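Presented below, as structure tokens, is a lone chain in the form deposited in one PDB entry.
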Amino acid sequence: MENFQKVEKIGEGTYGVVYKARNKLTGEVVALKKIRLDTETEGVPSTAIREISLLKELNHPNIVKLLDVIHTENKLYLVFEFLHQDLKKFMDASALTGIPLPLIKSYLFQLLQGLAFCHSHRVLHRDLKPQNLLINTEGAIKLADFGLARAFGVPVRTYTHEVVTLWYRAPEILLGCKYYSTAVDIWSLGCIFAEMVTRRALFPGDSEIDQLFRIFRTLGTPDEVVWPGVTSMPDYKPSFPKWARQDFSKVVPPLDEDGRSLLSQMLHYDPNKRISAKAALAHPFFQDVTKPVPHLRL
């Protein structure tokens, strides 16, 4: 840890203490996550062991790379690739002028690619929020903060309850589903998609029941037809008010009919029917950004 010189503190949160460092010989800048082991009674935190092992096998252009893990003096340094800005600060800076639609389409496309890579490797992110989406000066956006991530088995079992930040939490989590998998990340990305379009959080709830009612107020109170088994979920109440689904022309006005279709499929109540990351890449919303590969029908 000699060639690195701290430049500025990026922030301290649930992730830990992140500094912006600069290599003196090469000029490289990195993001340095500092973990004080003398403070941790249980040794290396479980979130750190998970994140390190998952990221050493998730090498993808749309995932923030883990470069090195250095254990020096009762401290654990995690060297990450550096990106200069998170998506939340970019959307706020763009709130008056609006993010250009080609850039929204490009960002969502890249996010779906990095997410499809995570899911094909059987990894749930479980904390997709604009603060965890990092962009550089070359038009790229990348998934970051895999501390809340978990690799799921085939089949899955009952995992940690009440995951994902509240505003981006899927309705099946709010209703207390036993099992969950890749659909929770697609919901979060659908919320982020609409947030880039409207420059405002789609469901800015303050409690679990208020988050659920905000979802019901926009997408309609779900029933057994649109979501088989919803009435049997532990947190479902028959006393839930009945709201009608709002026309997506009012939810996302600037979005065209291809965008509204993709957003609807990412916000489907039924997690089994909710569009997958790979299928979303094939949606006609990106037909101008990508061309399909020939499929071997064997």
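Numbers follow the displayed sequence, beginning with 1. We call the rigid core whatever largest set of C-alpha positions still superposes within 1.5 Å between the two forms. Only residues modelled in both forms are compared.
Asks: At least a third of the other compared entries leaving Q246 unmodelled, is that the case?
Replies: No: coordinates for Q246 present in every compared entry.
Asks: Given the other compared entries that model the residues flanking it, would you say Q265 is unmodelled in at least one third?
Replies: Across the other compared entries, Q265 is absent from none.
Asks: Comparing 267-275 with 252-260, where is the mean C-alpha B-factor higher?
Replies: Result: 252-260.
Asks: Mean C-alpha B factor from the entry: is it higher for 212-220 or for 156-164?
Replies: Mean CA B-factor is higher for 156-164.
Asks: In terms of CA temperature factor as recorded, identify the highest of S46, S53, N62, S232.
Replies: It is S232.
Asks: Can you tell me which of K89, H125, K142, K75 has the maximum CA B-factor listed in the PDB entry?
Replies: Across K89, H125, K142, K75, the entry lists the biggest C-alpha B-factor for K75.
Asks: Which third of the chain holds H119 when residues are ordered by C-alpha B factor: lowest, middle or highest?
Replies: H119: CA B-factor falls in the lowest third of its chain.
Asks: Sorting the chain's CA B-factors, does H84 end up in the lowest, middle or highest third?
Replies: According to the entry, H84 has a C-alpha B-factor in the chain's middle third.
Asks: By its CA B factor, does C177 count among the lowest, middle or highest third of the modelled residues in the chain?
Replies: Its C-alpha B-factor, which the entry lists for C177, ranks in the middle third among residues of this chain.
Asks: Taking the values exactly as deposited, rank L96 by C-alpha B-factor within its chain and report the matching third: lowest, middle or highest.
Replies: Highest third.
Asks: Split into thirds by Cα B-factor across the chain's modelled residues, where does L66 land: lowest, middle or highest?
Replies: Middle third by C-alpha B-factor.
This next part talks about the form deposited in another entry, which is not shown.
Asks: With both forms fit on the core, has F285 moved 2 Å or more by CA between this form and the one not shown?
Replies: Comparing the forms between this form and the one not shown, which are aligned on their rigid core, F285 does not shift its C-alpha by 2 Å or more.
Asks: Compared with this form, is the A116-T290 Cα separation smaller or larger in the other form, the difference being 3 Å or more?
Replies: Farther, not closer.
Asks: Based on a C-alpha change of 3 angstroms or more, tell me if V252 and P292 lie closer or farther in the other form than in the shown form.
Replies: Pair moves closer in the other form.
Asks: Enumerate, in order of sequence, every stretch of at least three consecutive residues present in both forms where each C-alpha is displaced by 2 angstroms or more between this form and the one not shown, superposition done on the rigid core.
Replies: Segments displaced between this form and the one not shown after core fit: 12-15, 289-298.
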